[PDB]
Amino acid sequence: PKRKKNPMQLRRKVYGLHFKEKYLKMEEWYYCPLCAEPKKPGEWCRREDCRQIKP
Amino acid sequence: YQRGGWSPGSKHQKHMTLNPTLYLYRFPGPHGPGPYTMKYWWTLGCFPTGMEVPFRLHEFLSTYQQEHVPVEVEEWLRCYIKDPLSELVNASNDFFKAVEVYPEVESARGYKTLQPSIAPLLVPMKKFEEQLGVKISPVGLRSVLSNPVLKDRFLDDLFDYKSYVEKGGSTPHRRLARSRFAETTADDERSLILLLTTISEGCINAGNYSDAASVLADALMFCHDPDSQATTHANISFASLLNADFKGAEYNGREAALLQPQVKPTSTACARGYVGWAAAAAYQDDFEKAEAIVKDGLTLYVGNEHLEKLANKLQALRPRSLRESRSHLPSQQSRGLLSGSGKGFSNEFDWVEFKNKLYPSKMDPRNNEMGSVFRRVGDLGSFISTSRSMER
Amino acid sequence: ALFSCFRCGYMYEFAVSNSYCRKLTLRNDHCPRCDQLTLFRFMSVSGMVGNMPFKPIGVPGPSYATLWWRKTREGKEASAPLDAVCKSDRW
Amino acid sequence: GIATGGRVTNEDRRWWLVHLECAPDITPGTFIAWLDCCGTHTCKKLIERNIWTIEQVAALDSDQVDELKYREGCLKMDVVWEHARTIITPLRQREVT
Amino acid sequence: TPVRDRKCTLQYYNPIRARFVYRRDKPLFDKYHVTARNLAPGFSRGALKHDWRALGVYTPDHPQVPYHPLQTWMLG
Amino acid sequence: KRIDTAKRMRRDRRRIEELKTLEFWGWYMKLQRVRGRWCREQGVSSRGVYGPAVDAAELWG
Amino acid sequence: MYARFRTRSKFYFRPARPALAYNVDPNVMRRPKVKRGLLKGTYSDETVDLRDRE
Amino acid sequence: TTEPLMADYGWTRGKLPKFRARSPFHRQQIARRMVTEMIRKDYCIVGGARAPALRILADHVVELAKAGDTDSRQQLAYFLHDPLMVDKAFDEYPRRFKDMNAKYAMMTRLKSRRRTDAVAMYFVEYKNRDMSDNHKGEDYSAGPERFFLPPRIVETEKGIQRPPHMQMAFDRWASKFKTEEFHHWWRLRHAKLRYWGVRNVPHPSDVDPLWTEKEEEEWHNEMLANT
Amino acid sequence: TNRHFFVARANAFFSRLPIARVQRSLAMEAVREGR
Amino acid sequence: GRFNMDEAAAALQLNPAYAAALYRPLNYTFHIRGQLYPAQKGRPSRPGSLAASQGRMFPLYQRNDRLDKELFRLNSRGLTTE
Amino acid sequence: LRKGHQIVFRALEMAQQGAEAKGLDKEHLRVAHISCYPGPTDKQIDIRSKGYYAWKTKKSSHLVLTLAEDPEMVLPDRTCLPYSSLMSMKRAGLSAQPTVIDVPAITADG
Amino acid sequence: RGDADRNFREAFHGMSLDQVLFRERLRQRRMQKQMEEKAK
RNA sequence: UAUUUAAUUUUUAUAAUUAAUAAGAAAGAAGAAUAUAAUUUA
RNA sequence: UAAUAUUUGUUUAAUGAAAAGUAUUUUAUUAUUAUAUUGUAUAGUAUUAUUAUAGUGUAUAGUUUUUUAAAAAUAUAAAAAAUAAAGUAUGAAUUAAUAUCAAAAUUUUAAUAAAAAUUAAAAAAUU
Ligand SMILES: [Zn+2]
Ligand SMILES: [Zn+2]
């Protein structure tokens, strides 16, 4: 760095899509019909119902 | 050299031959000293640098000085404890006075009105509850004070309880006294079970099922009448069905059934017990037994509108390894939102519980998978434990 | 790897994998000559177990000691007595 | 031949008949392992059925074949079977002279 | 404002859930193997709100399943 | 004294390490005799999904 | 990309509060005894301090 | 490299994925202890690019087990830290897998990740266990009590018996955790990790033992309850 | 270049033509004219 | 029919307290400098807790001078020229 | 996977217990206000070559969380299951549509 | 234990444990009412 | 690190009317990973 | 500067150790053959540093804390091979007169001229 960056340069990084995708992003989920925990589709739990039929 | 302050907190680069400082490992900062040095304060006894002189006077005055009380005093203190009869009278009185002045909820149109908070009501009730010995829902209380009908029941049942406790003795205190050194439920206790059932009934309308089930436990604690016992056990059957406590429902479902000979012909209770027992059996996926139970209900009780409903609903519905796997009702979804394993925390990979202490997943006393400490244990210089050549 | 016990020096050979690296210098095994568990030493290197792709399998080349041991055993003079029975390529 | 999908076409047969003369010394009594698509597993299960011979694999009734490829599980069995079916007659002919 | 919660996107198109439609899951399932699990017949790439079945989409050599109207609970 | 001690310590651990070993080999052979016993009644050939004829050929063995 | 975060300018600049001369808060004799958090709009039910032992 | 054990760890599709390590030698060592552990205990909770590797390698081990050949026995014997588990591998897997040709190991991605790092957790199993001799009815939903106890058995399957030569080995291995020098190792481990300092590791005077005699006399009780 | 014509690939459909059959067919045509 | 170091020492006439001292480091038996971990050192009693000493939490790692005087340092009566 | 979210989860849970102890409704709660403001600090020595040192700053923060009740809320259905889960549960024999059972309203006649 | 129970429940005419015990205790209580009405 | 260039912002059904010398629901592995879009599989 | 560098604990032959001049052993401990008295465990170099210095004396105690799912270029070894870069967590340092910035060209002005004037044509983020 050759100079102190003002609040605008600090604020410029949040307009970027990289920032938004990394930090402020909401996850999509449903309720596991076997466990009733919030769940992302494609990720399962160690429980013998959830291994064979993985809901 | 020295692009920052000459303090031993200051930001930038320093040098040893110019700004000599000794080795301060975690030096508590300029303001507040934070949770890290305090972690050290509560575990090893002082701050990690050993320059900060441990000074705990301010908590010695808080814990040890306060509990000092000498024997000559504390041998006399329990001779002065308040009269519980009088305390029940006073608690009932001011609790009722505080509930009576709760404003009627104004009904708006097009939007729901925010109910007035029960702030002033927590203070009388918390005295009343543990003068009585039963914990009461705040939520159920507010929901009862919403409905005019429920408020009516609650109010006049409180009034009856008041009057019976003033004119008569306190029956649970009677049968507590006669226990350590049998009779039908007394007037005041009838009032009490009635108002507790009212408040649990209100507790259900707001959708707190666990709490409504927990309130009625003390409600059966206070009932010695088999009619009262039947009704209360039934009620707990249903309140534990909504809570998805299925062993609780399929416990309390059948006592309400067992009371059928000595309960009056004018009761709906035992049939409700049948319904709960059956429903609990149904929710655990055993349908055959469910239909068997409803068959028994319609055998003994002939036609019964709930057992009509449940016979035809079961009929409409018409492997052991997969049973009670399914999540059928929302309250266990709610209970699954809390107390669940999420990504990164509250799973089996973060901290594991062992004898009420926390561990890293590396020392996991129930697990030897890879990375676990117990894989590194060796044979401890006695006998070869495993035939493994290289590792262990 | 060539192995001989300390007491009777009974000679035999088996390949040693990368899993057994800690057993390479000293073995414990049952001798046919003195029958009981003995202690074996590693005199000579013979061969790998695995080989990398596009590379000859046969060159971690086993030493002259091992090839001498497979000359003395299994040789023209060694087989000639036994060829009257089997001639080992034949049954 | 080897990499054909599904049904075996007649053109494919032509391939096998061409490679019959590609190898000078062949007799119908030759070991199974000279066949297209006979692996280790495919040879072994034929052996416990007392089949060593190209003639013997050409002697199969096709319901021995399918339970070889389904109930047991030697895959690509109909390929080798059919490979026998084609080649056994020419071999006899070349054996005579 | 009304709350910022999103309604169900579980039935919409998703480009990372799109790849698993034609992918081979034989090892993932022990007892329960299904013909094609992620593949919804007649719907664009496994998404239930994208229903094409019994419309005019001309596909001479591939099958199409007929239309039955989807329930309320399957979508959201 | 410490020369003698340094060999006194390194001789007897060498002694008892064999006591570990011989009992361990004794035990492993007991174990394999248990396999020898048990695999008879269960009919385990431990030779794969192939019957006795397959190995009987000995071409594949 | 669905949430909205704009960087707060207070983290960029945090000057310390002005210290008192001889501990004399110049307006004690003028203003009320009301807690400044109350008139500011700051209120809390539970204060949970993680520097506590429990 | 087409040979169904020897591993090719690249990123190109012909190669099974290389999981991060120090050297390909180190990769081989890691893979070996993973396979050994999986053969010993049917499931592995394994993070990263390691799990697909375990899947493929387990399929290779079952293929070798189906081979049932002395060369196969020997080549599997080169590969494992356990000789005994090789015997287990040729006793169990053929009867277990006689009806299946392909994909013998089930991989299941877990929705939980290491706290330590972002790497995902996979649950790798052998497939059908109702044909297995020693793994017949076991429940893996949760772990056992103290990790030297035999794991949970399903309520409907309680009365199952296991090959004697296996529970002999298991009891011999578990019997060194009941001696008090293990307890000293346990406390001393607390001291060590606390020194290297690692949070949430209690002081060695709070560390009350994994094994007591009351717990043993109830555990053996319920163990003969399963027998 | 990220367009659809370029990124999308036809690998999955390759069973629709018999590659192995045509190679051997032109082997036949190789020995028929005698190359 | 396990190893049982005590019965192994009894079979070898090795003085079973000694035989065990072969398999722990010389720090834990004999008076010799060695790496010690401060968590082993012991702790005074807190208000919540009791005292913690290395007598109770580590009996088997403490030094024995039977072995130390009989192994390492000299006897005086062997040298007495008087 | 973030630390901040874990901390906020602890805060949410405790404030929820607080709000239930205050007598509000669980199903209608909403985060009305979430904010962070700078808290206390500890410091540390980072040792650097040629006799250079610097002070690492271990930062800490204060979190403010206000849960307010909003009776007009409606929550998006989260009970949707993907088609894959649907036909898997159908294949196993499970019902993809959960069991509702008519439950008589609790009433006390005694 | 699976077939153990499959023997148990089919000795009881397709009842379960809890239905058996429930029937039983129900009878014991109705006969307690019987003892009551015969004594009073 | 600032400018400057080069690449990228994760399948755009499609490309060029001119400048200068181009963009549809989303992230774990792009692979269920041992080059088949399932090699039959309990 | 800084959503930065660093750190990152999945498998041990560090056998040994007087020369360390710091570390609540609650009673660390003989049974002696000897007498009284005295004293036995981790801090060298600002560090739990690269890793000690030296004198003992001995050879099978494996004597048991190193993250990670593509490719450039850097570092080793044989442009292939081995290693490392989106990552969750920790979190420094050089630098800082600046306004949301300063892109291209031309001449001028007291010495590059990011100084002028004129024409002009520099979006955002990341590498
Ligand atoms: Zn689940
Ligand atoms: Zn010998």
# chains A, B, ... in the order shown; residues from 1 in each chain; ligands from 1

$ residues_around --residues "range 22-32 of chain F" --least-positions-apart "6" --cutoff "7 Å" --atoms "only C-alpha atoms (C1' of nucleotides)" --output "JSON, numbers by chain"
{"B": [384], "H": [165], "J": [3]}

$ residues_near_ligand --ligand "ligand 2" --cutoff "8 Å" --atoms "only C-alpha atoms (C1' of nucleotides) and all ligand atoms" --output "count of residues only"
15

$ interface_residues --of "chain J" --to "chain N" --cutoff "6 Å" --atoms "only C-alpha atoms (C1' of nucleotides)" --output "PyMOL selection string"
chain J and resi 23+31+35-36

$ write_last_selection --atoms "C-alpha atoms" --output "PDB file, in the first residue's frame"
ATOM      1  CA  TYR J  23       9.207 -50.088  30.685  1.00  0.00           C
ATOM      2  CA  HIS J  31      16.582 -39.472  40.355  1.00  0.00           C
ATOM      3  CA  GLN J  35      11.045 -33.604  30.760  1.00  0.00           C
ATOM      4  CA  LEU J  36       8.160 -32.991  33.131  1.00  0.00           C
TER       5      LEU J  36
END

$ residues_around --residues "residue 53 in chain G" --least-positions-apart "5" --cutoff "9 Å" --atoms "only C-alpha atoms (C1' of nucleotides)" --output "PyMOL selection string"
chain B and resi 38-39+42

$ write_last_selection --atoms "N, CA and C atoms" --output "tab-separated table (two decimals), in the first residue's frame"
chain	number	residue	atom	x	y	z
B	38	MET	N	-9.46	-13.50	30.97
B	38	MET	CA	-10.41	-13.87	32.01
B	38	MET	C	-10.58	-15.37	32.06
B	39	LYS	N	-10.45	-16.02	30.91
B	39	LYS	CA	-10.42	-17.46	30.84
B	39	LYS	C	-9.28	-17.94	31.71
B	42	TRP	N	-10.02	-17.43	35.49
B	42	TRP	CA	-10.90	-18.42	36.11
B	42	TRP	C	-10.34	-19.84	36.09

$ residues_near_ligand --ligand "ligand 1" --cutoff "12 Å" --atoms "only C-alpha atoms (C1' of nucleotides) and all ligand atoms" --output "PyMOL selection string"
(chain A and resi 30-55) or (chain B and resi 325-327+336+340-342) or (chain H and resi 108-112+141) or (chain K and resi 85)

$ interface_residues --of "chain I" --to "chain M" --cutoff "6 Å" --atoms "only C-alpha atoms (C1' of nucleotides)" --output "list in words"
residues 3, 4, 7 and 12 of chain I

$ residues_around --residues "residue 89 in chain C" --least-positions-apart "5" --cutoff "12 Å" --atoms "only C-alpha atoms (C1' of nucleotides)" --output "ChimeraX atom specification"
/C:79,82-83

$ select_by_dssp --residues "chain C" --states "helix (DSSP H, G or I)" --output "PyMOL selection string"
chain C and resi 21-23+64-72+76-82

$ write_last_selection --atoms "N, CA and C atoms" --output "short mmCIF file (atom, residue, chain, number, x, y, z; two decimals), in the first residue's frame"
data_model
loop_
_atom_site.label_atom_id
_atom_site.label_comp_id
_atom_site.auth_asym_id
_atom_site.auth_seq_id
_atom_site.Cartn_x
_atom_site.Cartn_y
_atom_site.Cartn_z
N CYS C 21 8.14 -52.52 7.07
CA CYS C 21 9.45 -51.86 7.16
C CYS C 21 10.14 -51.94 8.53
N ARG C 22 9.36 -52.07 9.60
CA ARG C 22 9.91 -52.11 10.96
C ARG C 22 10.39 -53.52 11.35
N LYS C 23 10.00 -54.52 10.56
CA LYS C 23 10.40 -55.91 10.73
C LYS C 23 11.55 -56.35 9.82
N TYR C 64 23.90 -59.97 -5.54
CA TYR C 64 24.63 -61.14 -6.01
C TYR C 64 24.52 -62.30 -5.04
N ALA C 65 24.24 -61.94 -3.79
CA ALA C 65 24.10 -62.89 -2.71
C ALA C 65 22.86 -63.76 -2.91
N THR C 66 21.76 -63.08 -3.23
CA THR C 66 20.48 -63.73 -3.45
C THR C 66 20.49 -64.57 -4.72
N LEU C 67 21.15 -64.07 -5.76
CA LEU C 67 21.25 -64.77 -7.03
C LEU C 67 22.19 -65.96 -6.90
N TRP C 68 23.15 -65.86 -5.98
CA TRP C 68 24.01 -66.98 -5.64
C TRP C 68 23.20 -68.03 -4.92
N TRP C 69 22.29 -67.57 -4.07
CA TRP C 69 21.44 -68.47 -3.30
C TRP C 69 20.39 -69.15 -4.18
N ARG C 70 20.03 -68.50 -5.28
CA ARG C 70 19.11 -69.12 -6.23
C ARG C 70 19.86 -69.85 -7.34
N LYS C 71 21.19 -69.73 -7.35
CA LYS C 71 22.01 -70.62 -8.17
C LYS C 71 22.25 -71.94 -7.43
N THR C 72 22.60 -71.84 -6.15
CA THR C 72 23.00 -73.02 -5.38
C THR C 72 21.79 -73.92 -5.15
N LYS C 76 21.28 -76.02 -11.86
CA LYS C 76 21.53 -77.20 -12.68
C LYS C 76 21.90 -78.38 -11.79
N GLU C 77 22.77 -78.14 -10.82
CA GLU C 77 23.25 -79.20 -9.93
C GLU C 77 22.24 -79.51 -8.82
N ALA C 78 21.40 -78.54 -8.50
CA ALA C 78 20.39 -78.70 -7.46
C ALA C 78 19.16 -79.46 -7.95
N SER C 79 18.75 -79.18 -9.18
CA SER C 79 17.55 -79.78 -9.74
C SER C 79 17.79 -81.20 -10.24
N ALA C 80 18.98 -81.43 -10.79
CA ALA C 80 19.35 -82.71 -11.40
C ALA C 80 19.07 -83.94 -10.51
N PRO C 81 19.29 -83.83 -9.19
CA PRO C 81 18.84 -84.97 -8.38
C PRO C 81 17.32 -85.12 -8.37
N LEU C 82 16.59 -84.00 -8.37
CA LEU C 82 15.14 -84.04 -8.19
C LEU C 82 14.34 -84.21 -9.48
#

$ interface_residues --of "chain N" --to "chain A" --cutoff "12 Å" --atoms "only C-alpha atoms (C1' of nucleotides)" --output "list in words"
residues 1, 2, 3, 4, 86, 87, 88, 94, 95, 96, 97, 98, 99, 100, 101, 124, 125, 126 and 127 of chain N

$ interface_residues --of "chain F" --to "chain N" --cutoff "9 Å" --atoms "only C-alpha atoms (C1' of nucleotides)" --output "list in words"
residues 2, 3, 6, 7, 10, 13, 14 and 17 of chain F

$ write_last_selection --atoms "N, CA and C atoms" --output "PDB file, in the first residue's frame"
ATOM      1  N   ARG F   2      27.903 -48.615  37.256  1.00  0.00           N
ATOM      2  CA  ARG F   2      26.907 -48.195  36.272  1.00  0.00           C
ATOM      3  C   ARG F   2      27.100 -48.830  34.902  1.00  0.00           C
ATOM      4  N   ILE F   3      28.274 -49.396  34.667  1.00  0.00           N
ATOM      5  CA  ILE F   3      28.495 -50.198  33.477  1.00  0.00           C
ATOM      6  C   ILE F   3      27.679 -51.473  33.652  1.00  0.00           C
ATOM      7  N   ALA F   6      24.031 -50.637  33.516  1.00  0.00           N
ATOM      8  CA  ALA F   6      23.591 -50.347  32.164  1.00  0.00           C
ATOM      9  C   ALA F   6      23.423 -51.628  31.370  1.00  0.00           C
ATOM     10  N   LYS F   7      24.200 -52.663  31.678  1.00  0.00           N
ATOM     11  CA  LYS F   7      23.931 -53.931  31.010  1.00  0.00           C
ATOM     12  C   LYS F   7      22.902 -54.799  31.760  1.00  0.00           C
ATOM     13  N   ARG F  10      19.616 -53.676  30.327  1.00  0.00           N
ATOM     14  CA  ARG F  10      19.400 -53.974  28.920  1.00  0.00           C
ATOM     15  C   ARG F  10      19.421 -55.472  28.625  1.00  0.00           C
ATOM     16  N   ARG F  13      15.308 -56.778  29.983  1.00  0.00           N
ATOM     17  CA  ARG F  13      14.185 -56.347  29.161  1.00  0.00           C
ATOM     18  C   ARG F  13      14.226 -57.158  27.868  1.00  0.00           C
ATOM     19  N   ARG F  14      15.437 -57.468  27.408  1.00  0.00           N
ATOM     20  CA  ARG F  14      15.637 -58.393  26.295  1.00  0.00           C
ATOM     21  C   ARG F  14      15.116 -59.775  26.644  1.00  0.00           C
ATOM     22  N   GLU F  17      11.086 -59.459  26.807  1.00  0.00           N
ATOM     23  CA  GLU F  17      10.463 -59.148  25.526  1.00  0.00           C
ATOM     24  C   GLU F  17      10.162 -60.455  24.791  1.00  0.00           C
TER      25      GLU F  17
END

$ interface_residues --of "chain G" --to "chain E" --cutoff "12 Å" --atoms "only C-alpha atoms" --output "PDB file with N, CA, C and O atoms, in the first residue's frame"
ATOM      1  N   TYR G   2     -28.209 -11.823  -1.646  1.00  0.00           N
ATOM      2  CA  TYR G   2     -29.536 -11.404  -1.200  1.00  0.00           C
ATOM      3  C   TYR G   2     -29.569 -10.579   0.075  1.00  0.00           C
ATOM      4  O   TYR G   2     -30.581  -9.943   0.371  1.00  0.00           O
ATOM      5  N   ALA G   3     -28.485 -10.560   0.835  1.00  0.00           N
ATOM      6  CA  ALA G   3     -28.530  -9.766   2.048  1.00  0.00           C
ATOM      7  C   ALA G   3     -27.997  -8.387   1.706  1.00  0.00           C
ATOM      8  O   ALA G   3     -27.563  -8.152   0.577  1.00  0.00           O
ATOM      9  N   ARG G   4     -28.033  -7.461   2.650  1.00  0.00           N
ATOM     10  CA  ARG G   4     -27.514  -6.148   2.338  1.00  0.00           C
ATOM     11  C   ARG G   4     -26.611  -5.665   3.450  1.00  0.00           C
ATOM     12  O   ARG G   4     -27.065  -5.398   4.557  1.00  0.00           O
TER      13      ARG G   4
END

$ residues_around --residues "residue 70 in chain K" --least-positions-apart "6" --cutoff "10 Å" --atoms "only C-alpha atoms (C1' of nucleotides)" --output "PyMOL selection string"
(chain B and resi 112-114) or (chain E and resi 2-3) or (chain K and resi 25+27-32)

$ write_last_selection --atoms "N, CA and C atoms" --output "PDB file, in the first residue's frame"
ATOM      1  N   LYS B 112     -54.262  -7.844  13.720  1.00  0.00           N
ATOM      2  CA  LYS B 112     -54.302  -8.352  15.082  1.00  0.00           C
ATOM      3  C   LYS B 112     -53.668  -7.365  16.046  1.00  0.00           C
ATOM      4  N   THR B 113     -54.295  -7.182  17.200  1.00  0.00           N
ATOM      5  CA  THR B 113     -53.778  -6.273  18.213  1.00  0.00           C
ATOM      6  C   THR B 113     -52.717  -6.955  19.065  1.00  0.00           C
ATOM      7  N   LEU B 114     -51.649  -6.232  19.379  1.00  0.00           N
ATOM      8  CA  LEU B 114     -50.662  -6.732  20.320  1.00  0.00           C
ATOM      9  C   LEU B 114     -51.256  -6.730  21.719  1.00  0.00           C
TER      10      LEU B 114
ATOM     11  N   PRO E   2     -42.266  -6.798   5.666  1.00  0.00           N
ATOM     12  CA  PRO E   2     -42.497  -8.216   5.943  1.00  0.00           C
ATOM     13  C   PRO E   2     -41.160  -8.946   5.904  1.00  0.00           C
ATOM     14  N   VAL E   3     -41.045 -10.076   6.594  1.00  0.00           N
ATOM     15  CA  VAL E   3     -39.746 -10.720   6.799  1.00  0.00           C
ATOM     16  C   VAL E   3     -39.064 -11.167   5.505  1.00  0.00           C
TER      17      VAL E   3
ATOM     18  N   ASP K  25     -44.922 -15.225  22.491  1.00  0.00           N
ATOM     19  CA  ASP K  25     -45.181 -16.402  21.672  1.00  0.00           C
ATOM     20  C   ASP K  25     -43.965 -16.781  20.844  1.00  0.00           C
ATOM     21  N   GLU K  27     -43.730 -18.785  18.152  1.00  0.00           N
ATOM     22  CA  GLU K  27     -43.923 -18.930  16.717  1.00  0.00           C
ATOM     23  C   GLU K  27     -43.960 -17.598  15.966  1.00  0.00           C
ATOM     24  N   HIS K  28     -44.230 -16.512  16.684  1.00  0.00           N
ATOM     25  CA  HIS K  28     -44.266 -15.197  16.056  1.00  0.00           C
ATOM     26  C   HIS K  28     -43.046 -14.285  16.249  1.00  0.00           C
ATOM     27  N   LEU K  29     -42.011 -14.764  16.933  1.00  0.00           N
ATOM     28  CA  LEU K  29     -40.820 -13.951  17.191  1.00  0.00           C
ATOM     29  C   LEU K  29     -40.042 -13.589  15.927  1.00  0.00           C
ATOM     30  N   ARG K  30     -39.318 -12.479  15.991  1.00  0.00           N
ATOM     31  CA  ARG K  30     -38.612 -11.952  14.832  1.00  0.00           C
ATOM     32  C   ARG K  30     -37.381 -11.191  15.306  1.00  0.00           C
ATOM     33  N   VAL K  31     -36.321 -11.126  14.504  1.00  0.00           N
ATOM     34  CA  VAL K  31     -35.185 -10.357  14.971  1.00  0.00           C
ATOM     35  C   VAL K  31     -35.423  -8.940  14.514  1.00  0.00           C
ATOM     36  N   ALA K  32     -35.756  -8.107  15.484  1.00  0.00           N
ATOM     37  CA  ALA K  32     -36.037  -6.724  15.214  1.00  0.00           C
ATOM     38  C   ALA K  32     -34.722  -5.996  15.141  1.00  0.00           C
TER      39      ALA K  32
END

$ residues_around --residues "residue 6 in chain J" --least-positions-apart "2" --cutoff "9 Å" --atoms "only C-alpha atoms (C1' of nucleotides)" --output "list in words"
residues 3, 4, 8, 9, 10, 11, 15, 16, 17, 19 and 20 of chain J

$ residues_around --residues "residue 41 in chain M" --least-positions-apart "4" --cutoff "8 Å" --atoms "only C-alpha atoms (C1' of nucleotides)" --output "PDB file with C-alpha atoms, in the first residue's frame"
ATOM      1  CA  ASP H  99     -24.718 -62.153  -5.267  1.00  0.00           C
ATOM      2  CA  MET H 100     -23.200 -58.824  -6.284  1.00  0.00           C
ATOM      3  CA  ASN H 101     -20.836 -57.950  -9.031  1.00  0.00           C
ATOM      4  CA  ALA H 102     -20.099 -54.213  -8.751  1.00  0.00           C
TER       5      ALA H 102
END

$ closest_atom_pairs --of "chain D" --to "chain M" --cutoff "12 Å" --atoms "only C-alpha atoms (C1' of nucleotides)" --output "tab-separated table"
residue	atom	partner	partner_atom	distance
D:3	CA	M:36	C1'	11.1
D:5	CA	M:39	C1'	10.4
D:6	CA	M:39	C1'	10.9
D:66	CA	M:40	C1'	10.7
D:67	CA	M:40	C1'	11.0
D:68	CA	M:40	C1'	11.4
D:69	CA	M:40	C1'	8.0
D:70	CA	M:40	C1'	6.2
D:71	CA	M:40	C1'	9.0
D:72	CA	M:40	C1'	10.1
D:73	CA	M:40	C1'	7.7
D:74	CA	M:40	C1'	9.9
D:75	CA	M:40	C1'	8.3
D:76	CA	M:39	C1'	9.3

$ write_last_selection --atoms "N, CA and C atoms" --output "mmCIF file, in the first residue's frame"
data_model
loop_
_atom_site.group_PDB
_atom_site.id
_atom_site.type_symbol
_atom_site.label_atom_id
_atom_site.label_comp_id
_atom_site.auth_asym_id
_atom_site.auth_seq_id
_atom_site.Cartn_x
_atom_site.Cartn_y
_atom_site.Cartn_z
ATOM 1 N N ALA D 3 -15.396 -55.442 -28.170
ATOM 2 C CA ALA D 3 -16.101 -54.230 -27.738
ATOM 3 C C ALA D 3 -17.537 -54.021 -28.286
ATOM 4 N N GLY D 5 -21.473 -53.797 -28.538
ATOM 5 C CA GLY D 5 -22.598 -53.682 -27.627
ATOM 6 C C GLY D 5 -23.757 -54.587 -28.022
ATOM 7 N N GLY D 6 -24.496 -55.097 -27.036
ATOM 8 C CA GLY D 6 -25.736 -55.816 -27.288
ATOM 9 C C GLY D 6 -25.603 -57.046 -28.162
ATOM 10 N N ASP D 66 -27.167 -68.421 -19.615
ATOM 11 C CA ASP D 66 -27.769 -67.276 -18.949
ATOM 12 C C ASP D 66 -27.583 -67.319 -17.434
ATOM 13 N N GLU D 67 -27.657 -68.505 -16.842
ATOM 14 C CA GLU D 67 -27.436 -68.596 -15.407
ATOM 15 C C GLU D 67 -25.937 -68.537 -15.149
ATOM 16 N N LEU D 68 -25.146 -68.703 -16.203
ATOM 17 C CA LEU D 68 -23.733 -68.396 -16.095
ATOM 18 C C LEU D 68 -23.572 -66.876 -16.036
ATOM 19 N N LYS D 69 -24.390 -66.140 -16.792
ATOM 20 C CA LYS D 69 -24.274 -64.680 -16.803
ATOM 21 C C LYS D 69 -25.255 -63.915 -15.905
ATOM 22 N N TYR D 70 -26.148 -64.611 -15.211
ATOM 23 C CA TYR D 70 -27.118 -63.900 -14.380
ATOM 24 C C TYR D 70 -27.149 -64.408 -12.937
ATOM 25 N N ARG D 71 -27.513 -65.670 -12.732
ATOM 26 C CA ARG D 71 -27.556 -66.234 -11.382
ATOM 27 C C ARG D 71 -26.167 -66.331 -10.755
ATOM 28 N N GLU D 72 -25.193 -66.720 -11.567
ATOM 29 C CA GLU D 72 -23.788 -66.766 -11.169
ATOM 30 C C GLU D 72 -23.103 -65.438 -11.395
ATOM 31 N N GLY D 73 -23.165 -64.956 -12.631
ATOM 32 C CA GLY D 73 -22.570 -63.675 -12.937
ATOM 33 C C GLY D 73 -21.294 -63.570 -13.746
ATOM 34 N N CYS D 74 -20.949 -64.568 -14.555
ATOM 35 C CA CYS D 74 -19.891 -64.296 -15.521
ATOM 36 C C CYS D 74 -20.520 -63.457 -16.620
ATOM 37 N N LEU D 75 -20.089 -62.205 -16.709
ATOM 38 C CA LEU D 75 -20.643 -61.260 -17.669
ATOM 39 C C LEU D 75 -20.001 -61.461 -19.030
ATOM 40 N N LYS D 76 -20.666 -60.981 -20.078
ATOM 41 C CA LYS D 76 -20.140 -61.089 -21.436
ATOM 42 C C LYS D 76 -20.022 -62.559 -21.831
#

$ closest_atom_pairs --of "chain N" --to "chain B" --cutoff "8 Å" --atoms "only C-alpha atoms (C1' of nucleotides)" --output "JSON lines"
{"residue": "N:10", "atom": "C1'", "partner": "B:371", "partner_atom": "CA", "distance": 4.7}
{"residue": "N:11", "atom": "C1'", "partner": "B:376", "partner_atom": "CA", "distance": 6.6}
{"residue": "N:46", "atom": "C1'", "partner": "B:22", "partner_atom": "CA", "distance": 5.7}
{"residue": "N:47", "atom": "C1'", "partner": "B:23", "partner_atom": "CA", "distance": 7.9}
{"residue": "N:61", "atom": "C1'", "partner": "B:381", "partner_atom": "CA", "distance": 7.2}
{"residue": "N:64", "atom": "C1'", "partner": "B:376", "partner_atom": "CA", "distance": 5.4}
{"residue": "N:93", "atom": "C1'", "partner": "B:13", "partner_atom": "CA", "distance": 6.9}
